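Trainee: here come the first chain(s), positioned as in the complex:
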Amino acid sequence: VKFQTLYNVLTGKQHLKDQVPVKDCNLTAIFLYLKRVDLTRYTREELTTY
Amino acid sequence: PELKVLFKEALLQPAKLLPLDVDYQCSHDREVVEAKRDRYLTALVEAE
Amino acid sequence: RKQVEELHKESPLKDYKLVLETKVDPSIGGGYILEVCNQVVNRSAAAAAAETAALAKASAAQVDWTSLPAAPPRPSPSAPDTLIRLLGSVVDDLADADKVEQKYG
Amino acid sequence: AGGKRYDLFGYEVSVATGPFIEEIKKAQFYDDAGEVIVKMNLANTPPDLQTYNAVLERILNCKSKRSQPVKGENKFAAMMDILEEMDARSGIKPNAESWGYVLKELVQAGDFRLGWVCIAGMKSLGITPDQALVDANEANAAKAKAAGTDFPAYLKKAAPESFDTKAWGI
């Protein structure tokens, strides 16, 4: 059930409250797309700026 | 001259001045804390 | 049987004899139901499934995995005086800006 | 305790307060002291000045109102609402020890203007403040005056000469 909900969050079919973004740190603390999560760990500003 | 020494010390250890542990508990995501840190550094450079 | 006459013993009257009747219910296909001394006990698959589902379902609803950010408590700021000495005007602006930025990002 | 205390109705109340004071002194979060008083009034052992002073000592010496922190907790508002309870509600009048704990809290917190208020209240009530506290109060005042921290910054900011709901911070 919860695993299915996690899979739905990664799929984007189900979203979090108050429009919270999906991140590995965010996901870890709650509990091709996966490569995008590991990317999500790294700071966005650092990636774009550098 | 004391004040100049304090600016040099503050630039050398900007993070030491802040309470890192409190802010780190508080922020769910590290990125938020990082943005706060960047703004403080820029403000000190503008001050001097 | 054991449950039957034990329930008959728990009853206020036990001097009287005990008779047992058996019936069939289409709606429920598992378990039995027993009635003695105007006391009913339900031990059926529909009823049992509903009870077990209530425990699991209620736990699942309490967890509320979907849409569950975690926010820690905030202590007093206790900002150092030396910081404030260097830039008193702006540091105030930055402290107000921080909270807004935390909510937006 | 040969003296016998009575309620407004004339019923007898018990002065035996020692075990509750022992519970207060053993506490490490200063809301449990209030919980002690709540369990104490139910036993018809209405608080005495010694108990309120133990509560004040507990508020001062304790680290937090509770195990977990609280938004807006102040040791001073507790150590003054309890005195309002002492004087107004219960009729008991505080002593120099009570105000002394209050002034210790104000000195630790760095608030110096309210420390002068506490000093003047002590003096108007015939109480002699401890000079070790008022000297530290004046020292904190000198510190705040030297660095311009005598007041916050948002007060000394120049006001908007033009009237605007956004400029006035509303």
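Mentor: Looks like it arrived, so ask away. Residues are numbered from 1 along each chain as shown, chains lettered A, B, ... in the order given.

Trainee: which strands or helices does the lengthiest helix in chain B pack on?
Mentor: Scanning chain B for the longest helix, with DSSP state H as the assignment, gives helix B:30-47. Judged by 3 or more Cβ pairs under 8 Å, 6 or more residues apart in numbering or on different chains; DSSP states H and E, helix B:30-47 is in contact with helix A:44-49, helix B:2-12, helix B:14-17, helix B:20-26, helix C:88-104. Every residue, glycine included, has its C-beta placed from N, CA and C.

Trainee: which ones are touching the residue in chain C positioned nearest to chain A?
Mentor: Proximity of chain C to chain A (Cβ to the nearest Cβ) peaks at residue C:67, 3.4 Å away. For residue C:67, the contacting residues are A:15-18, A:20, by Cβ atoms under 8 Å, 6 or more residues apart in numbering or on different chains.

Trainee: try 6 Å
Mentor: For residue C:67, the set of contacting residues under the criterion of Cβ atoms under 6 Å, 6 or more residues apart in numbering or on different chains consists of A:16-17.

Trainee: circling back to that earlier point, put the alpha carbons of the longest helix of chain B into PDB.
Mentor: This file holds the C-alpha atoms of helix B:30-47, laid out as PDB (Å, rounded to 0.1, in the frame of the first residue of the first chain):
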ATOM      1  CA  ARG B  30      19.500  21.200   3.000                       C
ATOM      2  CA  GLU B  31      19.000  23.400  -0.100                       C
ATOM      3  CA  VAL B  32      17.000  26.000   1.900                       C
ATOM      4  CA  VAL B  33      19.800  26.300   4.500                       C
ATOM      5  CA  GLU B  34      22.300  26.700   1.700                       C
ATOM      6  CA  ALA B  35      20.500  29.600   0.200                       C
ATOM      7  CA  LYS B  36      20.300  31.400   3.500                       C
ATOM      8  CA  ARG B  37      24.100  30.900   3.900                       C
ATOM      9  CA  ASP B  38      24.800  32.500   0.500                       C
ATOM     10  CA  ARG B  39      22.700  35.500   1.300                       C
ATOM     11  CA  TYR B  40      24.600  36.100   4.500                       C
ATOM     12  CA  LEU B  41      28.000  36.000   2.800                       C
ATOM     13  CA  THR B  42      26.900  38.500   0.200                       C
ATOM     14  CA  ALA B  43      25.600  40.900   2.900                       C
ATOM     15  CA  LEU B  44      28.900  40.900   4.700                       C
ATOM     16  CA  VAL B  45      30.800  41.600   1.500                       C
ATOM     17  CA  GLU B  46      28.500  44.600   0.900                       C
ATOM     18  CA  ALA B  47      28.900  45.800   4.400                       C
END
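
Trainee: sequence for chain E below, add it please:
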Amino acid sequence: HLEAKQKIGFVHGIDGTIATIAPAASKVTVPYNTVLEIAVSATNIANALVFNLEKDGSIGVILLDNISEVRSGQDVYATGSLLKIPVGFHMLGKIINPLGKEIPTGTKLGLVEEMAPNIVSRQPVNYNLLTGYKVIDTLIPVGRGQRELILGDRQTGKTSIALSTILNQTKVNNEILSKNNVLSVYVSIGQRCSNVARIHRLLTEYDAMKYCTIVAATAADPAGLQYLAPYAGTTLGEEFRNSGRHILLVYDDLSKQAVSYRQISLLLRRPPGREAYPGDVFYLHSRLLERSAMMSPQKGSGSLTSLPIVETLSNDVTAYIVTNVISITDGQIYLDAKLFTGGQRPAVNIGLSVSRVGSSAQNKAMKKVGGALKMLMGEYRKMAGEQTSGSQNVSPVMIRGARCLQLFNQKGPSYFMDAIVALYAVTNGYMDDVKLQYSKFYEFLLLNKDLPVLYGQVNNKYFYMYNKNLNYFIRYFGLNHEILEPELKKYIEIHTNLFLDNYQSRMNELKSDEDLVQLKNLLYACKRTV
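Mentor: Adding chain E to what we have so far:
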């Protein structure tokens, strides 16, 4: 494992919320006012209370929940106990049903119907309750245990007073110890679910939900549940009352509870009475309101305040339920549709309002200001009507009265320090040279800003407004004390002078239409933020 269910019979007839239960077996007994569980389905269970037991074994029943699901052939079982609800600290922060069910959003069982304390268990009140509004805290004081009525027309400001009173407690409760806190319960009867959700979101916004709980009996919800809700809120409060804690309780509103009881009675063909009501509605509200009391030190010195709400019709206090509640309550807060439409908000009519007990609980610092403003308003009510546009007058009475009525125009709860000083200035004439429309700005600029600190007039030693912990010295010593009085006078004098010189003159100097609109916007903002 061993748990069993006791069957008392089957349903025979249903009529709306009411029902009749036929016994299954002779020589079976059901106790009176006991809840009964109807076999709705294999898992779903209803709940229903007895009101009469007949010679024939037939039982009258009031269905509290799941009336749409009840049918005739269904089983009926007996719990064998009174109607009880879970109560405690854990129930706080949770909107719930009267029975105890939690209504979701985006061990200790207390009795619903319990006798009120006797005269020896009670006590005259000594501590106040701060509604956050100046009219109430000044002239219509509210003690803890003092149940004071709110009367008003539809859309007049009745619910907002109770919500602001609940919200005002958060700022204090976080500071002081938990014993002197004011927890709160809010019973909504007959109200729309959207309004309850808005109330929940607001209380969660201001972080007042941790101290507050809500009982919901909407207009769509059945009638027995609406009749039962305030008794359940009183049950949630009685635990904190008898446990030495204090608590507040709100009823929005008892005028709709009576309609639900009228449904229940007339569906049972009970002999009606005045204005269609059975005649026992007085007892219905008295059972509820007498439970609100200030308990004796023998009983913990706790408290249970009650701010009920009642809907008049065309400003008529001579209705039946209104007088029935005034005959029970220890006061009255009369809000008027005329003043509400006339911009005065809260629309309290001081003449038709009174607090029979709050003078004992009022703080001395507030007591003196309230005596002064009471004299002032008793003069103002006469000086305003005696002229009837015969010839205007420029006297300090009418001036100060108009200034103070503008101060009473208040959108949300105010702090005690913020409440006194603004009225001290008017009673003592410091706010006489300013204009009417520039009173709110004055107050805002006095409290949220500090002109003396801004312009360097730092001659005062401690009296300022940026701290707000000075309130607890004002609450103990009083402003008329030798120490706070001169510094207060100097602060207010400097504020008046700097206002009249640097702000008011610039206001009068403005003549551009866009500037006047900008200023009116600022004044409407000051009318809210204060």
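
Trainee: revisit the contacts of residue C:67 given that chain E is now included?
Mentor: Counting by Cβ under 6 Å, 6+ apart, residue C:67 makes contact with A:16-17.

Trainee: helix, strand, or coil at it?
Mentor: Secondary structure assignment for residue C:67 (DSSP: H, G, I helix; E, B strand; the rest coil): coil.

Trainee: distance-wise, check it relative to chain D.
Mentor: In this view, residue C:67 and chain D are 24 Å apart by Cβ to the nearest Cβ, to the nearest Å.

Trainee: one more: residue E:264?
Mentor: Relative to chain D, and taking Cβ to the nearest Cβ, residue E:264 is found at 38 Å.

Trainee: you'd agree that residue is in a helix?
Mentor: Yes - checked against three-state DSSP, residue E:264 lies within a helix.

Trainee: tell me who's in contact with it.
Mentor: Contacts here follow Cβ under 6 Å, 6+ apart; on that basis residue E:264 touches residue E:223.

Trainee: now whichever helix in chain C runs longest: buried residues?
Mentor: In chain C, ranked by residue count with DSSP H as the criterion, the top helix is helix C:45-63. For helix C:45-63, the buried set under the neighbour-count rule, 16 or more other Cβ atoms under 10 Å in any protein chain shown, comprises C:46-48, C:50.

Trainee: how near is the residue nearest to the spatial centre of chain C to chain E?
Mentor: When chain C is reduced to its mean C-alpha position, the nearest residue by Cα atoms, centre = their mean turns out to be residue C:58, at 3.7 Å. Applying Cβ to the nearest Cβ, one obtains 10 Å for the distance of residue C:58 from chain E.

Trainee: swap in residue D:25?
Mentor: 16 Å.

Trainee: do stretch E:76-84 and chain C meet at all?
Mentor: No - with Cβ under 6 Å from any Cβ of the partner chain as the threshold, stretch E:76-84 lies outside contact range of chain C, at a closest distance of 7.4 Å.

Trainee: okay, buried residues for that stretch please.
Mentor: By neighbour count, with 16+ other Cβ under 10 Å as the criterion, the buried positions of stretch E:76-84 are E:76-78, E:82-84.

Trainee: what of stretch E:315-333?
Mentor: Within stretch E:315-333, the residues that count as buried by 16+ other Cβ under 10 Å are E:315, E:319, E:321-322, E:324-325, E:328-333.
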